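Residue numbers (the authors' numbering): 19 to 139.
Every residue, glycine too, gets a C-beta built ideally from N, C-alpha and C.
Okay, so here's the structure we're looking at.
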Ligand SMILES: COc1ccc(OCCN2C[C@H]([C@H](O)CO)[C@H]3CCC[C@@H](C2=O)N3S(=O)(=O)c2cc(Cl)cc(Cl)c2)cc1OC
């Protein structure tokens, strides 16, 4: 609980969550919903590797369909509309030992700030 709440089903500390702003939303998105988020991702050296804010449009994906790294299918499923959270995503829940060059190094813990903007069934 020092670095956040373990939200993994295994309780292996692989995805840790800190709420930054509570959503006024009531339900989480459901599997298959189209979800709309803003995010900023940083490496452990503090370097921003990507941000939807920098494109001035949301990132959109279907929840729970393996369209994104595991940490996101887990983390976004816990969020309510309007919520902002920080997610610490160990490599086993992200890009693993390979990484994804050039932007993601090998064995990289990823640090996301995610805002849940909307979702639609
Ligand atoms: C089922 O397993 C995966 C499914 C998809 C995977 O990567 C592509 C999807 N993706 C990329 C998006 C953006 O489209 C990239 O600009 C982005 C947001 C959603 C989470 C994650 C992300 O999951 N990434 S990212 O911020 O971790 C990311 C940014 C950049 Cl610049 C490069 C890469 Cl490789 C990842 C990766 C997966 O496993 C490693």
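Below 7 Å, is the gap between the Cβ of residue i and the nearest heavy atom of ligand 1?
i, result
"residue 40", "no"
"residue 137", "no"
"residue 81", "no"
"residue 62", "no"
"residue 85", "yes"
"residue 57", "yes"
"residue 129", "no"
"residue 153", "Residue 153 cannot be examined here, being either before or after the span of the chain that is shown, 19 to 139."
"residue 113", "yes"
Are residue i and residue j close, meaning C-beta to C-beta below 8 Å?
i, j, result
"residue 105", "residue 41", "no"
"residue 55", "residue 101", "no"
"residue 87", "residue 113", "yes"
"residue 79", "residue 70", "no"
"residue 125", "residue 118", "no"
Would you mind reading off the limits of the beta strand (DSSP E) that contains residue i?
i, result
"residue 136", "128-138"
Note the first and the last residue of the continuous alpha helix (DSSP H) segment covering residue i.
i, result
"residue 94", "88-94"
For residue i, which residues of its own chain have a beta-carbon under 8 Å away from its beta-carbon, when the five flanking residues on both sides are left out?
i, result
"residue 51", "80, 81, 137, 138, 139"
"residue 93", "25, 33, 35, 103, 105, 107, 130, 132"
Spatial neighbours of residue i within its chain, please: CB distance less than 6 Å, with the 5 preceding and 5 following residues excluded, ordered by chain position.
i, result
"residue 60", "66, 129"
"residue 39", "102"
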